[PDB]
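*Asks:* Structure for this input, please:
(8 chains)
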Amino acid sequence: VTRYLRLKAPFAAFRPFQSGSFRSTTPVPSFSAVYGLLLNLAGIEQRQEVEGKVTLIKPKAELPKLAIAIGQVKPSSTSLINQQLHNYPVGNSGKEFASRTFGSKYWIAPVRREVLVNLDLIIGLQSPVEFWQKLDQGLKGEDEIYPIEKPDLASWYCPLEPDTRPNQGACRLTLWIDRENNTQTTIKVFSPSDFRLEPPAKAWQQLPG
Amino acid sequence: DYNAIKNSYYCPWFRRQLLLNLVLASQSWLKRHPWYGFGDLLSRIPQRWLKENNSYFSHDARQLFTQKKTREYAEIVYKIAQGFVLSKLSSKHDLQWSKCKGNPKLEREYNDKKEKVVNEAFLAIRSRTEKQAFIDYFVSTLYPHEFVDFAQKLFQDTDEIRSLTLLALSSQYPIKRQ
Amino acid sequence: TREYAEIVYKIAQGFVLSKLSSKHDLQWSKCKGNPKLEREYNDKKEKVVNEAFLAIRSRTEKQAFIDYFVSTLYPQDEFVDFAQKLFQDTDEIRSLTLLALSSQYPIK
Amino acid sequence: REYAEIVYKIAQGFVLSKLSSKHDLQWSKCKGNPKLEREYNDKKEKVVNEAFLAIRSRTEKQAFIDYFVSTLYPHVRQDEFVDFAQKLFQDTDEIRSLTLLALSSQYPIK
Amino acid sequence: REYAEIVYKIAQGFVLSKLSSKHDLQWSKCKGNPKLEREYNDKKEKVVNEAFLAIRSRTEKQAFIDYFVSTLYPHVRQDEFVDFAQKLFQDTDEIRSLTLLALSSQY
Amino acid sequence: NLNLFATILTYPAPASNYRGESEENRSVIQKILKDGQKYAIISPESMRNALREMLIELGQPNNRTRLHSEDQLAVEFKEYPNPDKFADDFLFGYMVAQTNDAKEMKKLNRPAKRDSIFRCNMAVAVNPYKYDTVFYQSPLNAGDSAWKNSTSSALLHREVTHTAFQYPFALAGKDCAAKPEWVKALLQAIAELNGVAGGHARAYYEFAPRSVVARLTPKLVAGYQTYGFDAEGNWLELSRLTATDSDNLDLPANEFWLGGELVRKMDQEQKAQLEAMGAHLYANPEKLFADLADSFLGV
Amino acid sequence: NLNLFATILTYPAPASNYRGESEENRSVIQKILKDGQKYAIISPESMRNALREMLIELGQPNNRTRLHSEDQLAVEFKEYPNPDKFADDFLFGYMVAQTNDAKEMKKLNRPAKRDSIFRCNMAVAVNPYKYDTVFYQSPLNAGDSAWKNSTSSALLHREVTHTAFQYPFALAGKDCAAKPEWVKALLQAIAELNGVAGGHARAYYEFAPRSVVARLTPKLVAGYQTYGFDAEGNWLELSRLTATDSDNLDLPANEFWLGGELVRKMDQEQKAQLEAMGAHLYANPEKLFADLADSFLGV
Amino acid sequence: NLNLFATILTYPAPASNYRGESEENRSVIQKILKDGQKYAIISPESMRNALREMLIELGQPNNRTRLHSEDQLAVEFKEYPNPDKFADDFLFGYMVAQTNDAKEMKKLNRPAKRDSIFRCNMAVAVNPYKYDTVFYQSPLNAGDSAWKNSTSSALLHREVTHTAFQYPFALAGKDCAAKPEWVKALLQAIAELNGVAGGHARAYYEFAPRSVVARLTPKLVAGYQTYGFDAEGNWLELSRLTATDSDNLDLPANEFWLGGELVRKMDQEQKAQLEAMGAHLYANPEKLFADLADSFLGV
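*Replies:* Residues are numbered from 1 along each chain as shown, chains lettered A, B, ... in the order given. The coordinates are given below.
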């Protein structure tokens, strides 16, 4: 890796991909979300932004190549703070609903979901010099994030093989997802490793995106 | 740890909340037993009326009488509560349970006074609780009255000591007839 | 630890012992000599401790000021700052003194 | 603070002045003696006892005694604190509390 | 209030006038030797202390005694006599709490 | 070349918002385990709704009404938001319609999908909850009336507390320059917020500005993090005064004006002379936001 | 077009609210935490009931009354005879069921929900109390004529404390339907507010207003720290009231009305604010309060 | 209709009232404090018993007579409380809560409801010191008699306080059947008001009123500061200056009735000056009660 930078945030939420009627969350963000956040923070606009019923139709032909890991310093708890969020009905969709048709989003119904009390992340990116330079220009050029790479090292994550039973692992995770018919991502489960030493090469994952 | 809870017969729903506090920070959080708050919140509303009924099977002998200097700090509370209740009940009428158990047809008259002398104090400590006012109620606890080098704990925690004085006071609550 | 804790405890035991040895003129050596003399000595200490216990409760809050019974129980350089420390925020000092009196209360 | 030690200072001065009236001012005859030290403290303790007894008897005359009787017999000393010699006209209670505290400390009896 | 300092200030002038009257050459000879000051200090002590007994004797005539004595020595008395109605109509506040305790028992 | 963002605080008063999720015969409020304690919170959706309500109250045109319906809560009186002008004041204009207005063939406007301006955070209390409780009479309506009575009368209970709230803006960018008048009106509406929560009419709590202080150059937010502050003290003051004394040359205090409403009463001159002669005026939030708008029209 | 809200207080006297929620042997009053101390509460429902009672007394049309002749207390005239055509203060009582007066649509086209014009708040004390204060006594029984036969024979306790407390309130601005006499009669009823208590056997606490501040500019609530401790008689914002009209214009003093005993502390700064516009210093609070009614309604 | 309410105080004297019923070694009298000072005593319900007894000695029916035969006090009753056949202790047919039911409401049509028509409050002293004793003692008989009281000797002390204290009350009633004689008797009896706080053969105290003042007899409830006059000093004279000012220029006056002490030793010129309506000035307080009852009652 070239260098890595640290950040923290008080509140966040990471929905499982089509969790269901009742939402849920995961202790750590997905790799795809982190990749998108880093791409946007550099000021790189999305490669494709066509419009229609849906979006996110992304070929890999023109897209930066890069390798990302993930880290974690302090465990955080979870809470549930919501009572309502409307939806789009399935069924008759009778009476007025069919009468209005104004970007409908009618039939408000109650539903709850989860939030994270606190969040802090440490990992950065292994990338060529030009990409890091333009990322710095996007951050500084024409909540809070800053590089403390060498000190302040904490635990990390890594894919797990059928041995060495881990503790408090993440149930599911996403690598590269497109909102269409596909095979989604291959590996789901991940395992945390606790040691104040540089993460192993297995922790680094070369992202296809 | 979970294998222990099933041993106690007819666990009350309040002491049952011990399962909630089972969860480098929270490995040993259970050892402080900070269950006074949520245990009191629900117990206030419908079960302040029902607390007199069947003693919820003696409250599992009031958590099995704490399942038996910080340990001595916990033990002195148990000693002080029992000394207070016995001394106050004696100073009221000079009747002793040692003689009461000897003769029949007089147990429940003694026990009724014990009930009405313990519940009033329990309810007095139930309310009027804050950082400073609570310590002034300790005058009543030692009303019929080393060993002083713990104010550096009492004046600082104000919650663990309150929880112990609240829960252990129910240990002297009368046992059921059956 | 030259703090409030032992200071109040020392003066509390010294106060009760002094005046019982003045009014009754008794020493602990005579108490342990025979069981008879011990019990009324215990009884005499019983009356001495309780009258202060009830009466110190009689005067409460700032009306207690820093003037107490038999002139603050008639308690060198450490006195100057300690007096100033008890000059302000006097509420805790009186509360913790009751602990010393209960400690001096005879057992059984 | 500064007034408290001033109360302390006059307490020593009054005690030694009473000793000078009754016996010698200097204290070296009672050094390592089982009888001379005994009488020196005995006359010391009885003098403060009677003076303190008179002061604590005037419980409810707080203000007036601080004007009249509690300040003539004890010889007071003033150097520059005329401004602070004013709360004696309006406080009249805490100053008494300081005086009884100072006299109580000056009771070297075991 | 303000008269407390007025009584305070006039007292040092009163005792300084007292010292200048009974004693001669005043404080100029203090630098000669500390010896003579001891007799000056003890004499100045033995004159004030005997005045303590007389001044605190009886309220009615302790007024009559101290008017005549007070009018003699100080020279700024014309300022104070014409002001505040001659000590607030003769006798008030037991002569300012007995002349402020004879100037705080002579310092 | 940015949009400024700040943090507001409210005067203390008893809480009003009951947050549903009622269990047995009690109404409760959601809590968060910030440091193992309890804290009352409010979701940003209520603030968004209240701000839009004040925008419609001030007379600014809009195309959406949430009216009290007899059957079930719903929102209506809305048409196609074809122009960005005359609608929704450049914010919160979602659309998920599967077949609409010939998409863009006759709409000829941007889809207005997944667009937002002035994304706001959520409010947090400053004092821990002490397990309070206040009971409630709640008698039956009638024993003889034609209308029903729930067959009995109960004895309820609810909990209230007094605690201030702090609240960040988080408004950035430079694209919101089409209607500076709309921006000024929105700023005034924020300055004139009242009854933001939908809690209840009785025991009403209102969000009035009280020492709103934050600013930055055209760089992303950092430094104070809008949280991690003490209660009923000088967190504003201690935090940014200490930082600026440490960072008088590291960060420009000229643009980042003063902080704290208490320092407007004492030691104002010393702080001003030691820091800078910038536009650090602080008398009232109204004129403060007025000069913010005055300086913001040019940028 | 014009809003109003005010905070009013009363004179010190022993406590009056009593409920006995704790036990038969010991009676207690509601307690609230504040900065580590404890204070008394009077719930807004009591003031709502008292206002209804005075509207009964002042010869106004009514749509609610009690019976006091049932084992469990209930209300009769609110729900039985009235289809809710016009409430006391347009409160337009609500309740949900399978139907309400033929779905409350055909016979009388009104919404199921209500208006809630009035805006009240909790009443809080100014100084703390401390624990039990008074003893009490009870008889044994009737004896010969056995009809009561309580056979209690106990010595219970009671809780009393001496404190004068204050409370705020607010009113809607644009409500003018059938207002002219209704709202002024309601205001006149507020002016006295005599019979409010949790019990009137031995307390008899009178809610006579002592000091009022009942004006601001025609806009929303500024929230100038409504809950003011008033320094046990004073006011903590005289400094924020001096600059009636100047170059800075940092405080609006043209729209303010001041109560009685604030004026009675007769001072030279009171001269200073006399020529200041919007002085409105009236000795008698009641005539000032009626004049506010006249100015807000007639003018 | 007319509503009247008044305040009184008694002459200074030493006093002590049995108030502890808690401990035997020492007696406590202090009940409630003010502004950090303990200067208030006495219960607001003993004078009810005193009034009942005095009404008994005045020839009105002995409906409820206290009897002392058992260890614990018990009070007898007549056949049933009836506010028509007899005075019913000033029509005090009170609550009868029992499971037997079968009340007169179904037989005599008596709803058991009260006719209170009276208001009273606890008295408050004007001197704070309660830390003095008398140090009496009790002997041991040991006279070989058939009865031994305690078979011991004790040295127990008591506490007394020399103070004068004030007393407010209100009536706010109206004439009805058989009322004028009964209300006239009540006003006659309130003048003496002896035998307060039960029997006391060692301390003898009286409630003879001096400087009685009654307020706003014809007008509705508008009074304020009932506890006003104190410290052996008149205070209602400036109240007349500030409330219903004597001259009818800026604040028209009102019909007041004043006692004897406030006019016995007071400026002669003031009597002539206070003659806008002449008010009601009397030398002995008992004289004015008859005229006040005649005027308010209407006959």
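
*Asks:* Longest helix of chain C, counting residues only.
*Replies:* Ordering each helix of chain C by length in residues (DSSP state H) puts helix C:35-58 first.

*Asks:* buried residues in that helix?
*Replies:* Buried positions in helix C:35-58, judged by neighbour count with 16 or more other CB atoms under 10 Å in any protein chain shown: C:41, C:45, C:48, C:49, C:52, C:53, C:56. (Each C-beta comes from the backbone N, C-alpha and C, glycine too.)

*Asks:* How much space separates the second one from residue C:21?
*Replies:* Spelled out, it's residue C:45. 11 Å (CB to CB, to the nearest Å).

*Asks:* Please give me every residue in contact with residue B:152.
*Replies:* By CB atoms under 8 Å, 6 or more residues apart in numbering or on different chains, the contact list for residue B:152 reads residue C:5.

*Asks:* wait, is it part of a helix?
*Replies:* Yes. Counting by DSSP: H, G, I helix; E, B strand; the rest coil, residue B:152 falls inside a helix.

*Asks:* Return the distance of the residue of chain A found nearest chain H relative to residue F:5.
*Replies:* Closest approach between chain A and chain H, counting by CB to the nearest CB: residue A:83, at 43.5 Å. Plainly put, residue A:83 is 28 Å away from residue F:5 if you go by CB to CB.

*Asks:* again, but for residue B:47
*Replies:* According to CB to CB, residue B:47 stands 49 Å off from residue F:5.

*Asks:* Between these two, which is the more surrounded one?
*Replies:* Neighbours per residue (other CB atoms under 10 Å in any protein chain shown) separate residue B:47 from residue F:5, with residue F:5 holding more: 18 against 15.

*Asks:* Helix, strand or coil: sort out the more buried one for me.
*Replies:* Going by three-state DSSP: residue F:5 is coil.

*Asks:* Which residue, other than its chain neighbours, is closest to it?
*Replies:* residue F:169 (4.0 Å; CB to CB, 6 or more residues apart in numbering or on different chains).

*Asks:* quick one: contacts for the one you found?
*Replies:* Contacts of residue F:169 (CB under 8 Å, 6+ apart): F:5, F:6, F:7, F:8, F:118, F:120, F:190, F:214.

*Asks:* How about residue A:197?
*Replies:* By CB under 8 Å, 6+ apart, the contact list for residue A:197 reads residue A:153.

*Asks:* what's the following helix or strand after the longest helix seen in chain B?
*Replies:* Across chain B, the longest stretch assigned as helix under DSSP H is helix B:70-93. With elements assigned by DSSP states H and E, the helix or strand that comes after helix B:70-93 is helix B:97-102.

*Asks:* Could you export that next one as CSV, CA atoms only?
*Replies:* C-alpha atoms of helix B:97-102 as CSV (Å, rounded to 0.1, in the frame of the first residue of the first chain):
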residue,chain,number,x,y,z
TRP,B,97,-38.8,-13.2,67.1
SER,B,98,-36.8,-15.6,69.3
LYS,B,99,-39.7,-15.7,71.8
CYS,B,100,-42.3,-15.3,69.1
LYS,B,101,-41.2,-18.5,67.3
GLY,B,102,-41.5,-20.4,70.6
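
*Asks:* who's in contact with it?
*Replies:* By CB under 8 Å, 6+ apart, helix B:97-102 touches B:106, B:107, B:110.

*Asks:* which among these gets closest to residue H:226?
*Replies:* Nearest to residue H:226 among the contacts of helix B:97-102, counting by CB to CB, is residue B:110 at 50.5 Å.

*Asks:* Check the secondary structure at the closest one for me.
*Replies:* Per three-state DSSP, residue B:110 ends up helix.

*Asks:* Find the residue closest to it in space, skipping its chain neighbours.
*Replies:* residue B:100 (4.7 Å).

*Asks:* before we move on, back to that, just put the buried residues of helix C:35-58 in a markdown table and tack on distance to residue G:181.
*Replies:* Compiled in a markdown table, the buried residues of helix C:35-58 are given as follows (distance: CB to CB, whole Å):
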| residue | distance to residue G:181 |
| --- | --- |
| C:41 | 85 |
| C:45 | 79 |
| C:48 | 76 |
| C:49 | 73 |
| C:52 | 69 |
| C:53 | 67 |
| C:56 | 64 |
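
*Asks:* Whichever residue of chain F sits closest to chain E in helix, strand or coil?
*Replies:* Closest approach between chain F and chain E, counting by CB to the nearest CB: residue F:266, at 30.5 Å. Recorded secondary structure, residue F:266: coil (three-state DSSP).

*Asks:* State the distance from it to residue F:211.
*Replies:* From residue F:266 to residue F:211 the distance is 14 Å (CB to CB).

*Asks:* Chain C: helices as residue ranges?
*Replies:* Taking DSSP H, the helices of chain C run over residues C:4-23, C:28-33, C:35-58, C:69-72, C:77-87, C:91-104.
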